[PDB]
$ cat work-v3.cif   # mmCIF, C-alpha atoms and all ligand atoms
data_protein
loop_
_atom_site.label_atom_id
_atom_site.label_comp_id
_atom_site.auth_asym_id
_atom_site.auth_seq_id
_atom_site.Cartn_x
_atom_site.Cartn_y
_atom_site.Cartn_z
CA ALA A 1 33.38 -26.28 27.39
CA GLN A 2 30.87 -24.95 24.85
CA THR A 3 27.43 -23.74 25.94
CA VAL A 4 24.50 -24.05 23.50
CA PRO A 5 22.16 -21.07 24.12
CA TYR A 6 18.48 -22.05 24.28
CA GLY A 7 17.65 -20.24 21.02
CA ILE A 8 19.60 -22.85 18.95
CA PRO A 9 17.38 -25.84 19.83
CA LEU A 10 14.29 -23.57 20.14
CA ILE A 11 14.41 -22.76 16.39
CA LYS A 12 15.58 -26.32 15.56
CA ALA A 13 18.90 -25.12 14.28
CA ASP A 14 20.58 -28.06 16.05
CA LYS A 15 18.67 -30.55 13.85
CA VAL A 16 19.87 -28.86 10.69
CA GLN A 17 23.46 -28.64 11.90
CA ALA A 18 23.25 -32.40 12.67
CA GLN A 19 22.29 -33.00 9.03
CA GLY A 20 25.73 -31.43 8.38
CA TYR A 21 24.55 -27.97 7.20
CA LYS A 22 26.29 -25.24 9.12
CA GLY A 23 26.34 -22.23 6.85
CA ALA A 24 29.56 -22.96 4.98
CA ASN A 25 30.07 -20.84 1.83
CA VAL A 26 27.49 -18.24 2.95
CA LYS A 27 28.69 -14.69 3.41
CA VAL A 28 26.90 -12.94 6.19
CA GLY A 29 27.32 -9.17 6.84
CA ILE A 30 26.61 -7.92 10.33
CA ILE A 31 25.66 -4.21 9.97
CA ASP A 32 26.11 -2.87 13.50
CA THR A 33 28.71 -1.42 15.92
CA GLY A 34 31.50 -3.61 14.48
CA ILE A 35 32.62 -7.09 15.62
CA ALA A 36 35.48 -7.62 18.13
CA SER A 37 37.55 -9.97 15.88
CA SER A 38 39.83 -10.50 18.89
CA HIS A 39 37.09 -12.79 20.26
CA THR A 40 38.30 -16.39 20.41
CA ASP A 41 34.85 -17.72 19.43
CA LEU A 42 34.41 -15.66 16.22
CA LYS A 43 36.22 -15.61 12.88
CA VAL A 44 35.76 -12.31 10.97
CA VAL A 45 36.97 -12.59 7.38
CA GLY A 46 36.42 -9.07 6.05
CA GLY A 47 34.29 -5.98 6.38
CA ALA A 48 34.22 -2.23 6.12
CA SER A 49 33.90 0.68 8.55
CA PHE A 50 31.78 3.74 7.73
CA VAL A 51 32.51 5.31 11.17
CA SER A 52 35.41 7.71 11.09
CA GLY A 53 38.31 6.75 13.25
CA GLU A 54 37.03 3.25 14.10
CA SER A 55 37.96 0.15 12.07
CA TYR A 57 35.45 -2.59 11.52
CA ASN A 58 37.20 -5.38 13.48
CA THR A 59 36.81 -3.62 16.76
CA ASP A 60 33.65 -3.15 18.74
CA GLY A 61 33.55 -0.73 21.69
CA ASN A 62 29.77 -1.01 22.19
CA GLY A 63 29.37 -4.82 22.22
CA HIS A 64 26.09 -4.99 20.32
CA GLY A 65 27.56 -6.05 16.99
CA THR A 66 29.83 -8.67 18.64
CA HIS A 67 26.81 -10.15 20.54
CA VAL A 68 24.68 -10.24 17.35
CA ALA A 69 27.63 -11.81 15.44
CA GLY A 70 28.05 -14.66 18.03
CA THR A 71 24.29 -15.62 17.67
CA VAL A 72 24.76 -16.10 13.89
CA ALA A 73 28.26 -17.59 13.95
CA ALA A 74 30.08 -18.34 17.22
CA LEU A 75 32.38 -21.18 16.27
CA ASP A 76 31.56 -24.77 17.05
CA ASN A 77 34.54 -25.86 19.16
CA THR A 78 35.05 -26.55 22.88
CA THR A 79 34.63 -23.05 24.19
CA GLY A 80 32.11 -20.22 24.45
CA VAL A 81 28.74 -20.61 22.78
CA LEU A 82 27.56 -22.01 19.42
CA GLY A 83 26.05 -19.94 16.58
CA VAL A 84 23.04 -20.78 14.50
CA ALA A 85 25.39 -21.13 11.41
CA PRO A 86 28.88 -21.60 12.77
CA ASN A 87 30.64 -22.00 9.45
CA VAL A 88 29.48 -18.84 7.71
CA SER A 89 32.04 -16.30 6.39
CA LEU A 90 31.42 -13.37 8.69
CA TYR A 91 31.83 -9.73 7.62
CA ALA A 92 31.87 -6.80 10.13
CA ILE A 93 30.15 -3.72 8.56
CA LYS A 94 30.62 -0.96 11.09
CA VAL A 95 27.99 1.74 10.72
CA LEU A 96 27.36 2.67 14.37
CA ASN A 97 29.99 4.15 16.63
CA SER A 98 30.74 2.84 20.15
CA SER A 99 28.09 5.07 21.76
CA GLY A 100 25.48 3.35 19.48
CA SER A 101 24.99 6.40 17.13
CA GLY A 102 25.06 6.24 13.38
CA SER A 103 24.01 8.40 10.47
CA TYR A 104 21.64 7.43 7.63
CA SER A 105 24.51 7.90 5.30
CA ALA A 106 26.78 5.41 7.16
CA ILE A 107 23.94 2.87 7.09
CA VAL A 108 23.24 3.26 3.45
CA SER A 109 26.95 2.93 2.62
CA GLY A 110 27.23 -0.20 4.79
CA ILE A 111 24.27 -1.82 2.83
CA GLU A 112 25.68 -0.73 -0.51
CA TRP A 113 29.06 -2.17 0.44
CA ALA A 114 27.44 -5.57 1.14
CA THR A 115 25.55 -5.42 -2.20
CA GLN A 116 28.70 -4.46 -4.16
CA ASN A 117 30.74 -7.17 -2.45
CA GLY A 118 28.32 -10.02 -3.17
CA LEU A 119 27.32 -10.92 0.40
CA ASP A 120 24.46 -13.46 0.70
CA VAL A 121 22.75 -12.35 3.85
CA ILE A 122 22.78 -9.07 5.81
CA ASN A 123 21.59 -8.59 9.35
CA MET A 124 20.67 -5.17 10.64
CA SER A 125 19.92 -5.28 14.37
CA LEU A 126 19.32 -1.48 14.40
CA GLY A 127 16.58 0.91 13.39
CA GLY A 128 15.01 4.27 13.78
CA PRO A 129 11.51 5.77 13.84
CA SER A 130 11.86 7.25 10.34
CA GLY A 131 13.37 5.97 7.11
CA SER A 132 14.67 7.76 4.08
CA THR A 133 14.54 7.41 0.35
CA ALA A 134 18.21 6.57 0.19
CA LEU A 135 17.75 3.95 2.97
CA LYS A 136 14.77 2.46 1.13
CA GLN A 137 16.58 2.38 -2.25
CA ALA A 138 19.62 0.67 -0.63
CA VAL A 139 17.58 -2.17 0.96
CA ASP A 140 15.45 -2.68 -2.13
CA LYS A 141 18.56 -2.92 -4.29
CA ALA A 142 20.19 -5.40 -1.90
CA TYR A 143 17.11 -7.62 -1.94
CA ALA A 144 16.56 -7.28 -5.68
CA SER A 145 20.26 -8.27 -6.16
CA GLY A 146 19.50 -11.51 -4.30
CA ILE A 147 20.59 -10.70 -0.75
CA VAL A 148 18.46 -11.92 2.18
CA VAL A 149 18.00 -8.72 4.24
CA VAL A 150 17.00 -9.28 7.92
CA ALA A 151 16.38 -6.63 10.57
CA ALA A 152 15.32 -6.32 14.22
CA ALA A 153 11.68 -5.03 14.33
CA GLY A 154 12.31 -2.65 17.22
CA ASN A 155 12.16 -2.65 21.01
CA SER A 156 9.24 -0.29 21.39
CA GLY A 157 6.49 -2.65 22.55
CA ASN A 158 3.01 -1.77 21.49
CA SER A 159 0.89 1.32 22.00
CA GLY A 160 -2.66 0.37 21.45
CA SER A 161 -3.24 0.10 17.73
CA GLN A 162 -0.01 1.81 16.95
CA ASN A 163 2.51 0.09 14.67
CA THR A 164 5.90 0.44 16.38
CA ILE A 165 8.11 -1.29 13.77
CA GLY A 166 11.33 0.67 13.07
CA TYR A 167 13.09 1.25 9.77
CA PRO A 168 14.58 -0.49 8.00
CA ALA A 169 12.59 -3.51 9.26
CA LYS A 170 9.36 -1.86 8.09
CA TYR A 171 10.42 -1.90 4.39
CA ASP A 172 8.95 -4.77 2.40
CA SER A 173 12.39 -5.89 1.14
CA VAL A 174 13.51 -6.45 4.74
CA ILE A 175 12.42 -9.31 7.02
CA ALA A 176 11.16 -7.74 10.26
CA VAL A 177 11.93 -10.00 13.28
CA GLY A 178 10.26 -9.80 16.65
CA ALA A 179 11.41 -11.39 19.93
CA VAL A 180 10.08 -14.27 22.05
CA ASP A 181 11.48 -15.76 25.22
CA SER A 182 12.38 -19.40 25.88
CA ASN A 183 8.65 -20.23 26.57
CA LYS A 184 7.64 -18.68 23.27
CA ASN A 185 6.04 -15.66 24.85
CA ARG A 186 6.36 -12.42 22.85
CA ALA A 187 8.76 -10.16 24.83
CA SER A 188 7.04 -7.03 26.31
CA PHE A 189 9.48 -4.78 24.44
CA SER A 190 9.07 -6.43 20.98
CA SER A 191 7.68 -3.96 18.42
CA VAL A 192 4.32 -4.70 16.74
CA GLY A 193 2.74 -3.88 13.41
CA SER A 194 1.51 -5.42 10.23
CA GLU A 195 5.02 -5.60 8.76
CA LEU A 196 6.10 -8.01 11.57
CA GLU A 197 7.12 -11.16 9.78
CA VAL A 198 8.66 -13.81 12.05
CA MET A 199 9.71 -14.21 15.70
CA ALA A 200 12.98 -15.57 17.17
CA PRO A 201 14.55 -15.78 20.64
CA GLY A 202 15.29 -12.26 21.93
CA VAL A 203 15.13 -12.58 25.75
CA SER A 204 18.21 -13.42 27.76
CA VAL A 205 20.22 -14.53 24.71
CA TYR A 206 23.69 -15.54 25.73
CA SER A 207 26.39 -14.80 23.19
CA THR A 208 29.89 -13.37 22.56
CA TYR A 209 30.84 -9.92 23.98
CA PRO A 210 34.06 -7.83 23.65
CA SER A 211 36.77 -8.40 24.11
CA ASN A 212 36.66 -12.13 24.76
CA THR A 213 33.75 -12.72 27.09
CA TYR A 214 30.01 -13.70 26.99
CA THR A 215 26.88 -12.04 28.29
CA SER A 216 23.12 -12.24 28.11
CA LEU A 217 21.23 -9.43 26.37
CA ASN A 218 17.59 -8.73 25.56
CA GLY A 219 16.39 -7.23 22.34
CA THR A 220 14.86 -7.75 18.94
CA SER A 221 18.62 -7.28 18.03
CA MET A 222 19.17 -10.74 19.50
CA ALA A 223 16.23 -12.19 17.56
CA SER A 224 17.24 -10.94 14.13
CA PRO A 225 20.56 -12.91 14.04
CA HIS A 226 18.74 -16.22 14.64
CA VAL A 227 16.82 -15.48 11.42
CA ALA A 228 19.93 -14.38 9.43
CA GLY A 229 21.72 -17.57 10.69
CA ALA A 230 18.59 -19.67 9.73
CA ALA A 231 18.83 -18.11 6.16
CA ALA A 232 22.55 -19.11 6.01
CA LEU A 233 21.75 -22.72 7.04
CA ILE A 234 19.10 -22.88 4.28
CA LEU A 235 21.56 -21.51 1.65
CA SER A 236 24.27 -23.93 2.77
CA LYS A 237 21.83 -26.79 2.01
CA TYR A 238 20.31 -25.30 -1.19
CA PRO A 239 22.98 -22.88 -2.41
CA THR A 240 21.21 -21.65 -5.57
CA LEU A 241 17.91 -20.60 -3.97
CA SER A 242 16.81 -16.99 -4.47
CA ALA A 243 16.40 -14.47 -1.59
CA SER A 244 12.61 -14.67 -1.93
CA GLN A 245 12.64 -18.52 -1.86
CA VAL A 246 14.71 -18.43 1.40
CA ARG A 247 12.37 -15.75 2.81
CA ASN A 248 9.20 -17.73 1.97
CA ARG A 249 10.61 -20.97 3.46
CA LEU A 250 11.20 -19.22 6.80
CA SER A 251 7.81 -17.53 7.09
CA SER A 252 5.79 -20.29 5.47
CA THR A 253 7.05 -22.89 7.95
CA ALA A 254 7.03 -20.73 11.05
CA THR A 255 5.12 -22.06 14.09
CA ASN A 256 2.01 -19.87 14.49
CA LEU A 257 1.96 -18.22 17.88
CA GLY A 258 -0.95 -15.83 17.65
CA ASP A 259 -2.15 -12.68 16.09
CA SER A 260 0.28 -11.61 13.37
CA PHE A 261 0.27 -7.94 14.42
CA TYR A 262 1.97 -9.34 17.50
CA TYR A 263 3.86 -12.46 16.26
CA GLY A 264 3.95 -12.16 12.44
CA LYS A 265 3.77 -15.76 11.05
CA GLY A 266 5.30 -17.01 14.28
CA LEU A 267 8.48 -18.66 15.50
CA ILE A 268 10.91 -19.78 12.85
CA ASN A 269 11.57 -23.50 12.54
CA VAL A 270 14.76 -24.02 10.53
CA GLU A 271 14.32 -27.79 10.31
CA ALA A 272 10.99 -27.32 8.48
CA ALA A 273 12.28 -24.32 6.48
CA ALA A 274 15.34 -26.33 5.29
CA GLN A 275 13.30 -29.37 4.20
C1 LIG B 301 20.09 -3.93 20.50
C2 LIG B 301 18.90 -4.00 19.62
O1 LIG B 301 18.02 -4.77 20.32
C3 LIG B 301 18.44 -2.82 18.87
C4 LIG B 301 17.42 -3.18 17.73
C5 LIG B 301 16.59 -2.03 17.29
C6 LIG B 301 16.49 -0.88 18.09
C7 LIG B 301 15.70 0.15 17.59
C8 LIG B 301 15.00 0.06 16.42
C9 LIG B 301 15.08 -1.08 15.59
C10 LIG B 301 15.89 -2.09 16.09
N1 LIG B 301 19.60 -2.17 18.17
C11 LIG B 301 20.14 -1.10 18.75
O2 LIG B 301 19.75 -0.57 19.84
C12 LIG B 301 21.37 -0.55 17.93
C13 LIG B 301 22.65 -0.83 18.72
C14 LIG B 301 23.15 0.45 19.33
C15 LIG B 301 22.34 1.57 18.76
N2 LIG B 301 21.34 0.96 17.88
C16 LIG B 301 20.36 1.50 17.14
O3 LIG B 301 19.65 0.79 16.40
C17 LIG B 301 20.32 3.08 17.12
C18 LIG B 301 19.34 3.33 18.25
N3 LIG B 301 19.78 3.43 15.83
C19 LIG B 301 20.51 3.87 14.81
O4 LIG B 301 21.32 4.84 14.97
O5 LIG B 301 19.66 3.96 13.82
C20 LIG B 301 20.10 5.06 13.00
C21 LIG B 301 19.17 5.01 11.79
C22 LIG B 301 18.99 6.09 10.94
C23 LIG B 301 18.11 5.92 9.86
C24 LIG B 301 17.34 4.79 9.60
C25 LIG B 301 17.55 3.71 10.45
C26 LIG B 301 18.44 3.86 11.51
CA CA B 302 32.20 -21.97 20.51
NA NA B 303 9.44 -5.70 6.34
#
$ encode --input "work-v3.cif" --output "structure tokens"
Amino acid sequence: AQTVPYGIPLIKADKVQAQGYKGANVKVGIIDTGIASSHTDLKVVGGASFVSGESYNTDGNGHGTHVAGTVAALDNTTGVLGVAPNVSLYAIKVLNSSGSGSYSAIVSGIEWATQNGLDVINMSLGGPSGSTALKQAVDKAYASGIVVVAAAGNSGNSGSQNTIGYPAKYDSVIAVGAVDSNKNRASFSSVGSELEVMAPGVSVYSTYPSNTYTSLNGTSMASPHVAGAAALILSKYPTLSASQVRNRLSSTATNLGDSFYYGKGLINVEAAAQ
């Protein structure tokens, strides 16, 4: 039987799916450690690998497969349910199975999504420093009309210090922080003025290689709820621009507190999709 992880109802994605909008026709690229296509609850339609020796439809780390199941685990009678179960899912492998990737892999993975006309890209990954080439790649994806979403970082706060990673810190990228099921900001969620919205990131149950399920914590788990919310919005209003989708999610978020800590708050896809 299918389990619905708490994040789905928490962001009101169930209400939008009940209206019949489930992300069909929206191409979502998961830029991560790959996706285990072998998983019975996921359907990967394409992708690219920028990690030598590894193809994109395998995942020996598990992070990309977990992130993929939060956006798009199929709605059937098994496993879990994604935020946008009918999206066309692309595996863009830029990190190897030990979780290490180069700036150049990451830039090529973003450029690949831009050249291939994807609608939304999720980057549950980041580093303490960015690069010109990384900045030019995200700005070109957003300017081309792609909704670019990234995990803010799992560095917590350190006084006044902004701990948002790159690429989340770039203005063309939505930086997503993590809350638990009670709407508390997770202790590990990164903070800073670029923090834009919050989503479930604590004990998020989703798909895991090769064909299992597991609970993980991270802003990596939050980010996919926001990329899936963007796909639900585009399945309902297909011709909206990236900045219209982005403003609907932050403008309708439920305010949770100080924006250095919660950005505009917890996304509410029912309100955002009105
Ligand atoms: C699992 C998840 O919660 C985190 C999200 C995150 C972590 C750090 C900073 C921002 C966001 N994602 C990861 O831990 C992923 C999955 C395995 C390894 N990984 C990374 O993000 C690694 C730590 N980073 C990566 O190699 O970044 C390389 C990079 C170079 C240049 C610019 C950006 C990133
Ligand atoms: Ca399922
Ligand atoms: Na940003």
$ closest_atom_pairs --input "work-v3.cif" --of "stretch 162-267 of chain A" --to "stretch 135-155 of chain A" --cutoff "9 Å" --atoms "only C-alpha atoms" --output "tab-separated table"
residue	atom	partner	partner_atom	distance
A:164	CA	A:154	CA	7.2
A:165	CA	A:153	CA	5.2
A:166	CA	A:154	CA	5.4
A:167	CA	A:153	CA	7.9
A:168	CA	A:151	CA	6.9
A:169	CA	A:151	CA	5.1
A:170	CA	A:153	CA	7.4
A:171	CA	A:136	CA	7.0
A:172	CA	A:140	CA	8.2
A:173	CA	A:140	CA	5.5
A:174	CA	A:149	CA	5.1
A:175	CA	A:150	CA	4.7
A:176	CA	A:153	CA	4.9
A:177	CA	A:153	CA	5.1
A:178	CA	A:153	CA	5.5
A:179	CA	A:153	CA	8.5
A:188	CA	A:155	CA	8.6
A:189	CA	A:155	CA	4.8
A:190	CA	A:155	CA	4.9
A:191	CA	A:154	CA	5.0
A:192	CA	A:153	CA	7.8
A:195	CA	A:153	CA	8.7
A:196	CA	A:153	CA	6.9
A:197	CA	A:153	CA	8.9
A:219	CA	A:155	CA	6.4
A:220	CA	A:152	CA	5.0
A:221	CA	A:152	CA	5.1
A:222	CA	A:152	CA	7.9
A:223	CA	A:152	CA	6.8
A:224	CA	A:152	CA	5.0
A:225	CA	A:150	CA	8.0
A:227	CA	A:150	CA	7.1
A:228	CA	A:150	CA	6.1
A:231	CA	A:148	CA	7.4
A:242	CA	A:146	CA	6.1
A:243	CA	A:148	CA	5.0
A:244	CA	A:148	CA	7.7
A:246	CA	A:148	CA	7.6
A:247	CA	A:148	CA	7.2
$ residues_near_point --input "work-v3.cif" --point "(32.1, -11.3, 11.2)" --cutoff "7 Å" --atoms "all atoms listed in the file" --output "PyMOL selection string"
chain A and resi 29-30+35+43-45+69+89-92
$ closest_atom_pairs --input "work-v3.cif" --of "chain A" --to "ligand CA 302 (chain B)" --cutoff "8 Å" --atoms "all atoms listed in the file" --output "JSON lines"
{"residue": "A:2", "atom": "CA", "partner": "B:CA302", "partner_atom": "CA", "distance": 5.4}
{"residue": "A:3", "atom": "CA", "partner": "B:CA302", "partner_atom": "CA", "distance": 7.4}
{"residue": "A:41", "atom": "CA", "partner": "B:CA302", "partner_atom": "CA", "distance": 5.1}
{"residue": "A:42", "atom": "CA", "partner": "B:CA302", "partner_atom": "CA", "distance": 7.9}
{"residue": "A:74", "atom": "CA", "partner": "B:CA302", "partner_atom": "CA", "distance": 5.3}
{"residue": "A:75", "atom": "CA", "partner": "B:CA302", "partner_atom": "CA", "distance": 4.3}
{"residue": "A:76", "atom": "CA", "partner": "B:CA302", "partner_atom": "CA", "distance": 4.5}
{"residue": "A:77", "atom": "CA", "partner": "B:CA302", "partner_atom": "CA", "distance": 4.7}
{"residue": "A:78", "atom": "CA", "partner": "B:CA302", "partner_atom": "CA", "distance": 5.9}
{"residue": "A:79", "atom": "CA", "partner": "B:CA302", "partner_atom": "CA", "distance": 4.5}
{"residue": "A:80", "atom": "CA", "partner": "B:CA302", "partner_atom": "CA", "distance": 4.3}
{"residue": "A:81", "atom": "CA", "partner": "B:CA302", "partner_atom": "CA", "distance": 4.4}
{"residue": "A:82", "atom": "CA", "partner": "B:CA302", "partner_atom": "CA", "distance": 4.8}
{"residue": "A:83", "atom": "CA", "partner": "B:CA302", "partner_atom": "CA", "distance": 7.6}
$ closest_residue --input "work-v3.cif" --among "A:105, A:162, A:217, A:84" --to "residue A:10" --atoms "all atoms listed in the file"
A:84
$ closest_residue --input "work-v3.cif" --among "A:158, A:125, A:59, A:204" --to "ligand LIG 301 (chain B)" --atoms "only C-alpha atoms and all ligand atoms"
A:125
$ closest_residue --input "work-v3.cif" --among "A:8, A:134, A:72, A:203" --to "residue A:229" --atoms "only C-alpha atoms"
A:72
$ atom_distance --input "work-v3.cif" --atom1 "atom CA of residue A:123" --atom2 "atom CA of residue A:31"
6.0 Å
$ closest_residue --input "work-v3.cif" --among "A:17, A:187, A:264, A:25" --to "ligand NA 303 (chain B)" --atoms "all atoms listed in the file"
A:264
$ closest_residue --input "work-v3.cif" --among "A:198, A:234, A:96, A:73" --to "ligand NA 303 (chain B)" --atoms "only C-alpha atoms and all ligand atoms"
A:198
$ atom_distance --input "work-v3.cif" --atom1 "atom CA of residue A:263" --atom2 "atom CA of residue A:94"
29.6 Å
$ atom_distance --input "work-v3.cif" --atom1 "atom CA of residue A:200" --atom2 "atom CA of residue A:116"
28.7 Å
$ residues_around --input "work-v3.cif" --residues "residue A:106" --least-positions-apart "2" --cutoff "10 Å" --atoms "all atoms listed in the file" --output "MDAnalysis selection string"
chainID A and resid 49:52 93:96 102:104 108:112
$ closest_residue --input "work-v3.cif" --among "A:194, A:201, A:258, A:218" --to "ligand NA 303 (chain B)" --atoms "all atoms listed in the file"
A:194
$ residues_around --input "work-v3.cif" --residues "stretch 266-271 of chain A" --least-positions-apart "5" --cutoff "8 Å" --atoms "all atoms listed in the file" --output "list in words"
residues 11, 12, 13, 15, 16, 184, 197, 198, 199, 200, 227, 230, 233, 234, 250, 251, 253, 254, 255, 256, 257, 258 and 260 of chain A
